[PDB]
Amino acid sequence: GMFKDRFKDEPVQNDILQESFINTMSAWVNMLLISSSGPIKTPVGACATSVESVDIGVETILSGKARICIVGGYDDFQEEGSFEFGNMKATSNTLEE
Amino acid sequence: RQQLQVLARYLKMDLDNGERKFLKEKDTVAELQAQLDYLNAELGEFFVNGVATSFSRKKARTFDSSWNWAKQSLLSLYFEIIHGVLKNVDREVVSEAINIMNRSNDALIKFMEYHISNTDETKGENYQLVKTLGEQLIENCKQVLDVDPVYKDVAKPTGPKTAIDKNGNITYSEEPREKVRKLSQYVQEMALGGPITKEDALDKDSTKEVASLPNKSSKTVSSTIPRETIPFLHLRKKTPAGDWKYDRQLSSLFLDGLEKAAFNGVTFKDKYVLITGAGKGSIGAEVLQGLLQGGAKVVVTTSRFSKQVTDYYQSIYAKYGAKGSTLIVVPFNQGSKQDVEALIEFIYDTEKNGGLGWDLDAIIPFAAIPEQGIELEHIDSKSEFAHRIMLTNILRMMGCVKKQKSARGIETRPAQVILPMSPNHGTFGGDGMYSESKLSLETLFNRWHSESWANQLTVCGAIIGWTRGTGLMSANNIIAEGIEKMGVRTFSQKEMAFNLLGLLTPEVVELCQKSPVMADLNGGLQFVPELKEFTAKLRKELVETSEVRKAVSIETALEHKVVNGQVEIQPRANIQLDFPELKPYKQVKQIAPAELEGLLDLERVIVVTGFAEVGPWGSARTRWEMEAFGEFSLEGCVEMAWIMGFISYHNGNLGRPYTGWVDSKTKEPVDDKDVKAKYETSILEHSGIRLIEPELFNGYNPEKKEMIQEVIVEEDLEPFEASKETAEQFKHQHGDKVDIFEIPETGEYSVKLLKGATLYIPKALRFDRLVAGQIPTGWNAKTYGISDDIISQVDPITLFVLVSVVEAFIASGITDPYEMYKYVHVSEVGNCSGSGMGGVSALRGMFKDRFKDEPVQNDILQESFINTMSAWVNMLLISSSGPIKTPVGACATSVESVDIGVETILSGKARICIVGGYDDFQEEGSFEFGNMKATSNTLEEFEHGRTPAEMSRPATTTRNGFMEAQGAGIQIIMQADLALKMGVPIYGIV
Amino acid sequence: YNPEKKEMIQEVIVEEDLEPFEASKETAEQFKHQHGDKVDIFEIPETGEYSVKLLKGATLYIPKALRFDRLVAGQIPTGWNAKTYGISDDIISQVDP
Amino acid sequence: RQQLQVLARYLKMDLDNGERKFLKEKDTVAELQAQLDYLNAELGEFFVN
Amino acid sequence: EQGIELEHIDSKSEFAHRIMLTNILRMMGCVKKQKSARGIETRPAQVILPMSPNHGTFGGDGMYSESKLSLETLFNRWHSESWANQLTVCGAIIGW
Amino acid sequence: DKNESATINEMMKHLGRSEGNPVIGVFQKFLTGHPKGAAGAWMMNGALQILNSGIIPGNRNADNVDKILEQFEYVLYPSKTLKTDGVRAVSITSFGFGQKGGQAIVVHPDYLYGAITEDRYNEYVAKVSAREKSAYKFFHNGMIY
Ligand SMILES: NC(=O)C1=CN([C@@H]2O[C@H](COP(=O)(O)OP(=O)(O)OC[C@H]3O[C@@H](n4cnc5c(N)ncnc54)[C@H](OP(=O)(O)O)[C@@H]3O)[C@@H](O)[C@H]2O)C=CC1
């Protein structure tokens, strides 16, 4: 939305920037369900993000900063990321398949 | 052409309409130009350019937070005493005690009581001194807790002294007067007068002088006026014949008021004053300090509104602004009538209408411009503009104030007009229209009775005497002593300001309300006969002495050298790392509790051992120098020059052999002493928060932002040749709305976009955020040693991270990161730093540049990941297999990184961790922060007169958005036990 | 997104003036700011609108389609909707998928 | 009109040159008028005349 | 200038002050410059200055009193500057 | 700014900070601006430099402190640099988008050494002097080359 749709002058919400942040999902979780003021540490670990999140959560509870932690991972699929994984040859070519 | 003419005639279209209109417009231009040229030949360029407007309401600056400046002023004085910068024999202690007392309230008293009561007087004589002084000051501020602030000047009175050296060097200095050491003695001396006019613990115990300050201190000084003597300062009275003559009673009133002021201080609370002509180095400036000390509400004008002048006025308010006082600084041109009307309207308009809502009690119009060497035959544009400023617009401002008070029915709150008058009217000559302006100012004494504005304005003419210092009377300071040798008095600007503020005392105000007052502050100079000739003689004798001595000494030196036929060292920059100072074990043990020894598990104490950064002001060293001292040292200047690429190191043949710095562009040698003079202006102009430079952000120009708009084609386009693959891509996109046909002789294809197809036309947009905190221009990762291949591979943020990591390890004394593996396993070095958005430039590459089919590297996706900076750090420097946890916390990323690193070491997963944060600045993020209104609008900042260096002002009344910056910061944290074992510096405990 | 027809744009220099097209004054001024001498804008006196005339040598962008060879993905079942779970329309329109 | 446009393009004649120059001149006029208006608001009509 | 008090001083008062003070100074300067450019140091022009006894006594006359009072600096300018060989000052206080 | 002042003031009031002892506020973004993620790191570097120098930089763009902030009696807002006789601890706070609040406390390093013996301290001091001499040599060679 902010890198292409705004360039083409198409209607984009004025706060689209905040919706892109990797910690915005946790912010929305807390703002709609949890309402806690406990630790928030958002890992970024590519494909090992979920294991890194588990490690951080375990250490957060063991340090005494929390007794309950939400851990896990998420990511979406879209055109630009698919293309760039194609240019890196990380994904399988479907025509060859 | 004939066919086209026939077609135009059939279409009823005139082909020469545009030229006809153009020729009419060109004639109108010449008419208007001729009018403008006549007006410029009539008024002159100086006047026409001088009447330009300068005032606006949005540029007004308010200063009223004296409740905060009082505690600042107290802490500053307290630490100056403790460091020995201020001692008991200084009048600065007394003056600052007065200023603190003028802002006394309950919170200030609790602030003082804490800081003084917690002072350990057994730490030194300075500590005992501060305890004593502070307790006395606490008592004084309790005593004046409910008393009105007072203007009280305790400065040592000084006199003129001109000396000529043996070589004929003329030096002028202000030396303490012998018989006068206080303002009370100054008033005594003025009251006595002179033969020509005949018709305390200060400097010994500041603490004792402070104890005296609240005490309101039995014969007046008017009694001590000799009979048949005119005091140096006196008032005058008009006789039935219309001439003004010295009056004993009025002068006694004035001098008694001056004495009371010198002893007890005068208040100006509830006084609303407008003062013009009060810039630095002027009489008005000293008047304004005294008004602020007494608690007045003052609007001061300036003809040179700038960040320097606004900072000068902030500093003045923060030092002297008493409780209940306010300072309003506005841009102003007294030579513009529209500015005069607008200023008076701003002052009188209601706050809901954007004004101040004030009613003036005093007007002090001291604005003036200098006319040097303009005789009668030279009176021209500039003299006319000065006469306008100094006579006609002061009359207009008086009329405007009258009209404002009459439109509101105010008949019982007159404004006192302190008219700056001159004793001399045509005596010296060559001053343009100055004497005419000053003499014309005297018709007001009679206008007050003959017209109908006497209930709105009272006239108070002040004949200002010979004042030494700046403005117009400077340049005459070398003859002040010679003039004073005749029993005359010349005044400093503080003295003249004290005299003028004597006219704002309650009794003089009432006297002005009864009828127009004329105060003579000429110090007896009127009794000297033939003043022009006398002063010319004095100056001529001084120049004669100087030149003769100089020439004779030169000739004697030459004759000695013909008859008979030191080495100094320049500094060179020596940049230091600044490891923490380690003190003897005895002192270090005296700090922490004795029980601490052996109490702590040192493997659970985290310590910072090194840190670095790359920001708008260079490294941590240069940023600290700018943050703390506001200026670079020689080491800081040289380092900034090296970072920005102004200078480079050379060692070899340059024909002679040279080792040192050279200019990077011209390869000319440069000494460290000359680096500042060569490069500091450029360094400061291209560092910190500044206008955005497109060269640093791939041509991004916030004033011309590029976008594209979709338009449907209304008619077929002209064919264009393209390759077969490109033509087939166009056909795939457009289908029936495009035609592609192979050119049989080339193998190429023609592309023909038809009606109804879609295109995109670029259009430019103006964005209103134009300033950013940018890394100094000239910064280059090659200067640090990063190779071209890495620079071309990675995102620009990765370079900031790499440099910061290397510099943070250097700051920890670790020059080879592999040395860590002599103490810890490879699995025990972590990296827990992150960013809020990562490689946004690679995001641009994959989201926009790929859309436009521009060359983008095939692995641009990996360069965008927020953990890719840590990956590159490990792949180029660290080579550890320890924990890697990359936080993402928007603006709290660095604190989150520190927390994660501390917990990683405490869990035993690591013993050394890299922590910190980084982020870049780019077009898309700037725009999106603009759409969220999180950043400051720069056009609104310019409307208020704010420059880029003052746009980031946290915790201020007018703060309106953040300033975006870029860079990185890194810290090395490890266990205290390993830090001690390794021998690395320790900068603090997390 | 259709991986078999990926949309891109190509920059072409105009070889001959284009046909005028009507646009609002603000849009016409943005075009003039972008193109300078390579465009002519003239107010239509009876409408208040402006004609935009892109001239020879100016820059345009023509969309062109590309065929990408990754056509398969592991996608959340078709029909999935956060409204089925109870998330409201306002949240759905506010946040990222 | 299209035939006339083709003929003008062949003749290398700009049909909007005059209007372009006229619009530049009209802007110069407004600049000069603004200067004159400021001087009249500063000096007044009695003085200027 | 009739019925122009302090608050009414405007364009017309400025133009009258120009006429009655500033352009009389300019005319004196022009005469000086003309006689100096020709080396005339012994044929001074006598300037009969129309002066007023009253300066702000009646009121409502715009800048008239300022113009007439400013005219009096010439008595001192004659000694302080260098045009005394070209012009002599003769102030006449015109009565009712 | 208002929320941060209120938060620090409540922190100090609840933990019994003495009256008349306001914490001195530092605002380094007046000079550097806001990097959206390096901010805390820059403030921490400054806090370390304050802890080792004893100098508290002033906010030179603090032309007029907002009157609303006078209510927070445990906060003082200087405009000029104060050279004190020693700082013992510095507080660093951050507030990122997405409800990311954070605080760090940095204590003067000389409080560490009271927990070790004299011999260990002297051994460490000698080791650090050697390391500093070698770091100076590396720094200047790397700078000029
Ligand atoms: N010995 C003496 O000094 C005597 C002084 N006086 C008179 O008393 C007054 C005292 O002022 P003093 O300090 O001596 O003289 P200065 O010339 O120093 O003061 C005039 C000030 O007015 C400001 N100013 C200049 N032009 C304009 C303008 N167009 N609009 C607004 N402000 C302007 C300037 O400050 P900035 O640019 O900073 O605003 C300038 O410093 C003067 O009017 C002087 O004629 C009379 C007799 C003797």
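Here chain B follows Swiss-Prot, giving residues 340-538, 603-620, 623-970, 979-1067, 1069-1404 in order.
Quick reminder: no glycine exception, Cβ is built from N, Cα and C everywhere.
Here the Cβ of B:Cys1305 (active site, for beta-ketoacyl synthase activity) has 24 other Cβ atoms within 10 Å, regardless of which shown protein chain they belong to. Swiss-Prot lists B:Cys1305 with the feature active site, for beta-ketoacyl synthase activity, giving sequence analysis as the kind of evidence.
The secondary structure of B:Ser523 (phosphoserine), as reduced to three states from DSSP, is helical. All protein chains included, B:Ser523 (phosphoserine) registers 18 other Cβ atoms within 10 Å of its own Cβ. As annotated by Swiss-Prot, phosphoserine applies to B:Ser523 (among others), with the evidence given as a large-scale study or a structure entry.
The annotation phosphoserine is assigned in Swiss-Prot to B:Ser958 (among others) on the grounds of a large-scale study or a structure entry. Of all Cβ atoms in the shown protein chains, 14 besides its own fall within 10 Å of the Cβ of B:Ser958 (phosphoserine).
For B:675-874, the entry in Swiss-Prot reads region 'Beta-ketoacyl reductase'.
The two recorded residues, B:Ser523 (phosphoserine) and B:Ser958 (phosphoserine), have Cα atoms 46 Å apart. A distance of 70 Å separates the Cα atom of B:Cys1305 (active site, for beta-ketoacyl synthase activity) from that of B:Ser958 (phosphoserine).
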